[PDB]
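Let's start with one chain on its own, the form deposited in one PDB entry, as structure tokens.
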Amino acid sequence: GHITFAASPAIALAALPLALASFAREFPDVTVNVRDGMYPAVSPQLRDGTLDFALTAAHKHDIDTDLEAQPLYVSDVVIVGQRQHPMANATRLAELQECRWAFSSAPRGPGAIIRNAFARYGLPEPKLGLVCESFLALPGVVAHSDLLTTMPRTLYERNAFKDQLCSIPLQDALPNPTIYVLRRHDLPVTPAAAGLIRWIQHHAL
């Protein structure tokens, strides 16, 4: 009667608090253990049963065979800088090509989202200003610098420095990651876990 799971920052900030409230009404007897986790770091923990499931970005084709992937949603990735950044009003990635970036976490390694974005539009590599694996730390770091970064729209909307940040109004396309429910496919689902996932799905809409 316990559920142990990991959640992405976007989910942890909006869907999760509402989902745990609704879930606790329906299953008042189940104790939840929630933690951060991103793929591929969660993979060993999913494999060995220490996590029941992880809600995380990943890429369909790049997930260990042991795991199934129920896609929930495509995240909304935004580019974020300090509010009066010289590139605040930029609409094309080429206009950003000389900025320094805070490379943020992603399944394929820090900055993978912006590097992939720059690559797909025929640009050279984005310039590395620093690596910030902590989504907790990221908004305050960017607010106190002229670094740009990428983050989930949910983090951009819900962080303690929101009054000191902007989102770049891009007309170019960012490779949005798909958020999955990741879990051993040989693990039957309990109605408790399944219901918690439905609630998270419901409130992330």
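The first residue of the sequence shown is number 1, and the count goes up from there.
Omitted here: the form solved in complex with a small molecule. The next part is about that form.
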item: Option touching the small molecule, based on a heavy atom within 4.5 Å in the bound PDB entry, out of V141, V30, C166, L174; value: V141
item: Single option in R47, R35, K162, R153 placed near the small molecule in the bound PDB entry, where near means a heavy atom within 4.5 Å; value: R153
item: Non-hydrogen atom contact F118 with the small molecule in the bound PDB entry at 4.5 angstroms; value: no
item: Residue contact check: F103 to the small molecule in the bound PDB entry, 4.5 Å heavy atom; value: no
item: Heavy atom of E125 within 4.5 Å of the small molecule in the bound PDB entry; value: no
item: Non-hydrogen atom contact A19 with the small molecule in the bound PDB entry at 4.5 angstroms; value: no
item: Contact segment among 166 to 174, 60 to 68, 22 to 30, 145 to 153, judged by heavy atoms lying within 4.5 Å of the small molecule in the bound PDB entry; value: 145 to 153
